[PDB]
Amino acid sequence: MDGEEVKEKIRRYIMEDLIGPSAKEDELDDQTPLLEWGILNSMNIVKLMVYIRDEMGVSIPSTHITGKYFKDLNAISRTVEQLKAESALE
Ligand SMILES: *P(=O)(O)OCC(C)(C)[C@@H](O)C(=O)NCCC(=O)NCCNC(=O)c1ccc[nH]1
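Conventions we followed
Residues numbered from 1 in each chain as written, not as in the entry; some residues may be left out. Heavy atoms only, no water. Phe/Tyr/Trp six-rings, centres within 6.5 Å; stacked < 30°, edge-to-face > 60°. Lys NZ or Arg CZ within 6 Å of the ring centre and 35° of its normal. Helix = DSSP H or I, 4+ residues; strand = E, 2+ residues; numbered from the N terminus. Expected span 1.5 Å × (residues − 1). Buried < 20%, exposed > 50% of the residue type's maximum accessible area, 1.4 Å probe, protein only. Contact = heavy atoms within 4.5 Å. Axes fitted to C-alpha atoms, helices over the stretch in contact; angles between N-to-C directions. Parallel < 35°, antiparallel > 145°, perpendicular 65-115°, else oblique. Left-handed = near helix turned anticlockwise from the far one by under 90°. Nonpolar A, V, L, I, M, F, W, Y, C, P; charged D, E, K, R; others polar. Near = heavy atom within 4 Å. Polar contact = N/O pair within 3.5 Å; in protein donor to acceptor, adjacent residues only side chain to side chain. Areas by Shrake-Rupley, 256 points an atom, 1.4 Å probe, with all protein chains shown as cover. Salt bridge = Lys/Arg side-chain N within 4 Å of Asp/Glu carboxyl O.

As documented in the archive entry, the model was determined using solution NMR.

For the rest of this paragraph, the subject is the packing of aromatic side chains. Going through the model one piece at a time under the given rule, you end up with 1 aromatic pair. In this structure, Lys68 packs its charged tip against the face of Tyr69, placed 5.3 Å from the ring centre.

The first and last C-alpha atoms of helix α3 (residues 73-87) sit 20 Å apart over 15 residues, in line with the 21 Å expected at 1.5 Å per residue. Residues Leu73, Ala75, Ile76, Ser77, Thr79, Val80 and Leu83 constitute the buried set of α3. Considering only its buried residues, α3 is in contact with α1 (4-19) and α2 (46-55).

Moving on, we get to the packing of α1 against α3. When two helices pack together, their arrangement is given by the angle between the helix axes and by the axis-to-axis distance. At their nearest, the axes of α1 and α3 sit 11 Å apart, and the two run at 130° to each other. With respect to their mutual orientation, α1 and α3 come out oblique. Crossing geometry of α1 relative to α3 is assigned as right-handed. Residues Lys7, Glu8, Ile10 and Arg11 of α1 form the contact with α3, whose participating residues are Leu73, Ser77 and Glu81. Partitioned by chemical class, the residues of the contact of α1 with α3 number 2 nonpolar, 1 polar and 4 charged.

Our next topic: the site of the ligand. Every residue close to the ligand is listed here: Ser42, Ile45, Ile65, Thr66 and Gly67. At 3.4 Å, a backbone N or O of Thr66 approaches an oxygen atom of the ligand. A distance of 2.9 Å is found between an oxygen atom of the ligand and a backbone nitrogen or oxygen belonging to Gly67. Protein chains bury 41% of the 540 Å² of accessible surface belonging to the ligand in isolation. Taken together, the residues of the shell around the ligand break down into 2 nonpolar, 3 polar and no charged.

Right, let's get into the pattern of salt bridges. Within the structure shown, the criterion is met by 8 salt bridges. Between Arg11 and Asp30 there is a salt bridge, with the nearest N and O atoms lying 2.8 Å from each other. A residue pair is termed long-range when its members are at least 10 positions apart, and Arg11 in helix α1 and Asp30 in the loop between α1 and α2 qualify at 19 residues. Between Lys71 and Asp72 there is a salt bridge, with the nearest N and O atoms lying 2.9 Å from each other. Of the residues examined, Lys71 reaches a relative accessible area of 38% and is grouped as partly exposed.

Set out below in C-alpha cells:
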C-alpha cells in the first residue's frame, strides 16, 4: 500500500479503460504524457477520480482537475501522494 506498487496498477487500468480494448501497450509508460497524447480527455478522466477514491481513499477535487496535474502517471503521482499527505490527519 506504498503508492508505487499501486501506481503501476493505474497504468494497467489506463490501457484497459482509458484507451480501451485497442490498448497500445508499446507506448504505455509512467513518463509517457497521457493528457498530452489525448489519452485522457474529460469523459474518461473521471475514472482516475473514482479509481483512486476507491483505491487510496482520496478523490482529486474539481479545483485540482487540470492537465498539468494529470500530464502523466508521475504527474498524477506527485498530486496523489501530496493529497494523501494533506489528508493524513495522523
Ligand atoms: P470532464 O472530465 O468533465 O472535464 C470538465 C472540465 C474540467 C473541462 C470542466 O469542468 C471545466 O472546468 N471546463 C472549463 C475549463 C477548465 O476549467 N479547464 C481546466 C483544465 N482542464 C482539464 O484539466 C481538463 C480535464 C478534463 C478536461 N479538461
